[PDB]
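One structure below.
Note: hydrogens, waters and symmetry copies are ignored here, and every other heavy atom, side chains too, is used. Numbers here are sequence positions counted from 1.
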Amino acid sequence: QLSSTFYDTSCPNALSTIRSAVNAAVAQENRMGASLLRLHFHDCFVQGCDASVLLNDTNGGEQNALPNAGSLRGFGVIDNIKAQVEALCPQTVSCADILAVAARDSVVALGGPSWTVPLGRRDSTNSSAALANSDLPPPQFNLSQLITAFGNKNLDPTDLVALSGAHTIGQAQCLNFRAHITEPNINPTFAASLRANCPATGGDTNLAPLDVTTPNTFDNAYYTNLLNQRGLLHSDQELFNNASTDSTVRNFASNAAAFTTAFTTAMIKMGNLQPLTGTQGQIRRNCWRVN
Ligand code: HEM
Ligand SMILES: [Ca+2]
Ligand SMILES: [Ca+2]
């Protein structure tokens with residue numbers, strides 16, 4: 001039911017308004033492009049791409065689940081974009097669609113590939129912290145659990161390897177990578193540099209780039225890090241670890257276009273997860289609350 005032309009008559013200037021605002025937000029802080037991409041992932045993996053992650057009224061709660069709390073960001077950017085679009089075409093463009101478009105626009109703004117975003121998603125009237133906890137993968141997962149978690153969303157291992165490349169941009173907090181500092185499959189010089197700003201206890205919120213090579217550029221350097229044992233998260237390095245995914249990591253390191261085309265293929269699949277369409281759900285007037 002999703003269509004790339006969904007708003008071509010009902011809100012002609014929605015997409016260009018979103019583009020201008022996302023480009024400005026990324027220019028203000030490049031990390032924000034990564035944050036918006038991740039926000040769309042955390043939407044789509046939890047009862048579909050339905051903007052459930054944005055609710056923070058009594059119908060919300062996903063923001064307090066372990067994978068999200070103190071970690072997700074960009075809510076204010078999305079709210080600011082939504083208000084701009086509401087001023088142009090009241091109660092027409094869903095928050096769910098804004099998240100998907102903002103993710104694509106963010107990737108492009110940071111040098112990554114474009115793709116066609118199908119539209120027509122509608123906004124949920126509920127949320128699921130329980131499903132956030134069960135369906136979002138934590139960084140201590142091993143490859144087998146990552147494959148299962150993605151397979152439960154009908155994403156295959158290549159989609160896993162390609163979507164993990166989103167970590168070519170953005171940052172992580174010490175509390176989420178400190179375990180990997182001490183593990184056997186990290187380069188020792190790299191591990192020492194991480195330890196300098198990430199203690200074993202305390203400093204939980206100290207940041208490090210997911211991609212030490214180009215933290216603000218959407219490129220295949222994520223994969224060359226893995227080949228050199230400079231993945232940041234445990235779950236990153238699981239992809240190149242005498243494992244079934246090694247040959248795909250090597251391919252994406254040697255063939256940037258193979259990576260970007262696999263990435264758009266997987267992003268389109270992800271953005272097609274369990275949409276509310278037609279008359280299901282609503283068009284929120286404000287993304288943080290149910291009408
Ligand atoms: C494959 C399993 C994955 C795991 C275990 C994982 C885990 C994480 C963790 C722990 C962080 C750091 C959060 C923090 O410390 O606050 C992070 C950041 C990030 N993740 Fe993932 N992630 C995964 C897949 C994905 C996917 C599929 C996408 C998008 C397509 C994605 C996009 C991002 C981005 C862009 C950031 C940086 C966000 C920012 O700087 O604000 N990740 N991820
Ligand atoms: Ca959702
Ligand atoms: Ca990069």
Side-chain angles (χ1 to χ4, degrees), residues 2 4 33-34 36-50 53 67 96 99-108 110-119 121 131-132 134-170 172 210-211 218-227 231-275:
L2 302 187
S4 65
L36 295 174
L37 175 59
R38 184 178 183 229
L39 192 56
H40 174 58
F41 166 47
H42 284 228
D43 185 18
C44 290
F45 255 51
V46 183
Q47 63 176 47
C49 315
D50 65 347
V53 66
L99 283 173
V101 174
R104 188 279 310 277
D105 291 354
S106 287
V107 168
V108 172
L110 293 170
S114 190
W115 67 93
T116 299
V117 179
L119 301 161
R121 302 172 191 78
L131 286 169
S134 61
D135 292 9
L136 291 165
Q140 74 273 12
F141 265 12
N142 306 310
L143 180 60
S144 67
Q145 288 102 7
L146 294 168
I147 289 177
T148 297
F150 276 64
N152 289 338
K153 306 294 177 177
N154 284 340
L155 295 168
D156 73 10
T158 299
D159 295 324
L160 164 67
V161 177
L163 292 169
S164 292
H167 293 172
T168 194
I169 52 170
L210 284 151
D211 171 8
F218 196 100
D219 57 11
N220 76 341
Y222 171 81
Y223 299 99
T224 55
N225 297 337
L226 304 188
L227 296 179
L232 182 66
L233 304 176
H234 169 90
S235 46
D236 289 327
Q237 199 61 63
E238 283 294 299
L239 301 179
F240 185 71
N241 191 37
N242 297 314
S244 63
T245 47
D246 286 15
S247 64
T248 301
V249 171
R250 291 184 189 277
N251 180 264
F252 290 176
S254 282
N255 192 331
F259 161 53
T260 63
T261 56
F263 179 82
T264 61
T265 295
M267 283 300 294
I268 291 165
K269 291 185 185 186
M270 181 180 73
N272 287 337
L273 288 170
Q274 198 177 329

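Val249 has its side chain within reach of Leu227: a pair of non-hydrogen atoms, C-beta onward, lies under 4.5 Å apart. Taking the side chain as every heavy atom from C-beta outward, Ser4 and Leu119 never approach each other to under 4.5 Å. In this structure the side chain of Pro137 never reaches within 4.5 angstrom of the side chain of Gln145, judged on heavy atoms. Put simply, the side chain of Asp50 does not reach to within 4.5 Å of the side chain of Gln274, judged on heavy atoms. A heavy-atom distance below 4.5 Å is found between the side chains of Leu160 and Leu143. Residues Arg104 and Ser114 are in side-chain contact: their nearest non-hydrogen atoms beyond the backbone lie under 4.5 Å apart. When side chains are defined from C-beta on, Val108 does not count as touching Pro113, because their heavy atoms never get closer than 4.5 Å. Here the side chains of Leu233 and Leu210 are in contact, with some heavy-atom distance below 4.5 Å.
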Query raised in the report: What do the steps show when you test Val107 against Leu37 for side-chain contact (heavy atoms from CB on, under 4.5 Å), and what is the final call?
Result: CA-CA 7 Å; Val107 168; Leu37 175 59; 3.9 Å; yes
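If you take CG on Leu131 and CG on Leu136, they are separated by 9.5 Å, rounding to the nearest 0.5 Å. How far OG1 of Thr265 is from CE of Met270: 13.0 Å, rounded to the nearest 0.5 Å. In this structure, SG in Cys44 is found 14.0 Å from NZ in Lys269, a value given to the nearest 0.5 Å. Here the CZ atom belonging to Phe259 is positioned 9.5 Å from the OG1 atom belonging to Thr264, to the nearest 0.5 angstrom. Between the CG atom in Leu273 and the CD atom in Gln47 there is a gap of 12.0 Å [rounded to 0.5 Å]. Considering CG of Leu163 and CG of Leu146, their distance stands at 12.0 Å, rounded to 0.5 Å.
Panel note: side chain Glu238, backbone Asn241; no donor-acceptor pair is recorded below 3.5 Å. No donor-acceptor pair under 3.5 Å is formed between the side chain of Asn142 and the backbone N or O of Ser144. Although no hydrogens or angles enter the test, the distance criterion places a donor-acceptor pair under 3.5 Å between the side chain of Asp246 and the main chain of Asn242. A donor-acceptor pair is defined here as one N or O able to donate and one able to accept, closer than 3.5 Å; no such pair exists between the side chain of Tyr223 and the backbone of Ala256. The main-chain N or O of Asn251 is never found under 3.5 Å from a side-chain atom of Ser254 such that the two would form a donor-acceptor pair. With hydrogens and angles ignored, the 3.5 Å screen pairs a side-chain donor or acceptor of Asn272 with a backbone N or O of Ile268.
Among all heavy-atom pairs drawn from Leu226 and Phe240, the shortest one is O-CD2, 3.4 Å. Shown here for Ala100 and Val117, the closest heavy-atom pair between the two residues is CB-CG1, 3.9 Å. Closest non-hydrogen pair, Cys49 versus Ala96, comes out as O-CB, 3.6 Å. In plain terms, the two heavy atoms of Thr224 and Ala253 that are nearest each other are CG2-CB, 3.7 Å. Contact detail for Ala258 and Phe252: the closest heavy-atom pair is O-CE2, 3.7 Å. Counting all heavy atoms, side chain and backbone alike, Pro157 lies closest to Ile147 at CG-CG2, 4.2 Å.
When only modelled atom types and interatomic distance are considered, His167 and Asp211 share no side-chain donor-acceptor pair under 3.5 Å.
The distance between the ring centers of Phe263 and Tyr222 does not fall below 6.0 angstrom. Note: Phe141 and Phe150 fail the aromatic proximity criterion, with ring centroids not under 6.0 Å apart.
Ion pairing between a basic and an acidic side chain is recognised when a charged N comes within 4.0 Å of a carboxylate O; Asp159 and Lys153 show no such pairing.
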